[PDB]
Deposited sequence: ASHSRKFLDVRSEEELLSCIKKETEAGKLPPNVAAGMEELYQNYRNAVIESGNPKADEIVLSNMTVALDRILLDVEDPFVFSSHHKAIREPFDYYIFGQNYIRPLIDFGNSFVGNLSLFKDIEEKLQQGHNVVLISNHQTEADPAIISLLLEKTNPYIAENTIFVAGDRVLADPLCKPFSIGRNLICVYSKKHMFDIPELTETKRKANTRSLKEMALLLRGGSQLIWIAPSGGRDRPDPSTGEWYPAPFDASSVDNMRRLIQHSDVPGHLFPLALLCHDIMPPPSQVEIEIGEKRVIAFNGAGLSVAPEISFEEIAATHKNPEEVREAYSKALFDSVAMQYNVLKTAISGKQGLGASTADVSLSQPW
């Protein structure tokens, strides 16, 4: 069994669309995957053309041709994710593939980074051998790429070496897998969906145990940069007001992360991180060109929280809530800069915004 390379011979939208139909009729694409490709093509095309980019036609055809080639390759021979997955960069550079694919969807012109200088401080801690965990919200299946693209110029180390805790659809759906192959990951089934199919819960636990043992081993070696969203899912708009805010954190996931970092025999840090990009690829399909925001702020002192609270349970919830409140402060600044149309004027004493592209 060899890989079919027909999508690479495509030279137009018509040939690209016919190639989907031709591969489907030849039985090489299940109907759901063929439909998802059509949807992906149309939505991506519209978003890039809608953006006004002078090179939209070329960009769409190029990026979609490669994407469809790589998706088909995964349908033919599905990648299996190791507990810890290192980004594949050779012989096909899946990291660059994913960067290039998402780049045209971000309106850099209206995108913002909060507290850039702190990402440099994060690099200096990693240079010292410390471990750093970014405690973040999560908005789209493309978060890792969006994070990486916003920091690619100023902090390429972070952009390429961050290890994302991720799992579920992005590691299973062939439309998403080629993107994930190009990222460093710790593969974990979310608590959120753990019970969706009860017959599979034990299998998921066992897999999460392997991944978490591997993550602890990595932390023992030091210099790890890990991203995790303790809400365990993507943010959703308020059902009443329609307003988007970071989803509440699972305080136990936070506490587990803090404990691992404390018991790694290596100095570690948890920083609150906010990301704003739901418009680009929103959760329940839809793709749009839009500005994005990323911000980090200083670590919360667990000691101070422990010193001002009355018992263990209250301390754990207060610590998670302090991280959440920082993420939400930062997220509000990004929101104010972007949908609030304030740009850099949204800056506050806690969040200094910049556009370093």
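Missing from the model, relative to the deposited sequence, is only the range 285-294.
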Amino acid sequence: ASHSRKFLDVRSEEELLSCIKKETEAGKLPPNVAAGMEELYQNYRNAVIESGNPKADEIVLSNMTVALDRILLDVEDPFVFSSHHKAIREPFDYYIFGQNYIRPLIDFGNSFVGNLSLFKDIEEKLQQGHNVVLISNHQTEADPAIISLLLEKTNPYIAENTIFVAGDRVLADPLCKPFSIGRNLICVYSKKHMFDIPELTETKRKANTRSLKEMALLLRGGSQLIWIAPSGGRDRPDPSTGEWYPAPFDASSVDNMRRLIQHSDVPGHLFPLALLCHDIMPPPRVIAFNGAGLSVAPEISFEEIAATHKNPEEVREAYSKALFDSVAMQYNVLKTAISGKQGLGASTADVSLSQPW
From here on, numbers count along this sequence of modelled residues.
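Averaged over CA atoms, B-factors in the entry run higher in 202-210 than in the other of 84-92 and 202-210. For the two regions 329-337 and 12-20, the entry's Cα B-factors average higher over 12-20. As recorded in the entry, 56 carries the highest CA temperature factor of 322, 297, 68, 56. Note on 127, 252, 131, 148: the highest value goes to 127, judged by CA B factor as recorded.
The PDB entry assigns residue 189 a C-alpha temperature factor belonging to the middle third of its chain's modelled residues.
For residue 288, the recorded CA temperature factor ranks within the middle third of the chain's modelled residues.
Per the deposited record, the Cα B-factor of residue 266 falls in the highest third when ranked against the other modelled residues of its chain. Among all modelled residues in this chain, the alpha-carbon of residue 246 has a temperature factor (C-alpha) in the middle third. Placement of the Cα temperature factor of residue 222 within the chain: middle third of the modelled residues, per the deposited record.
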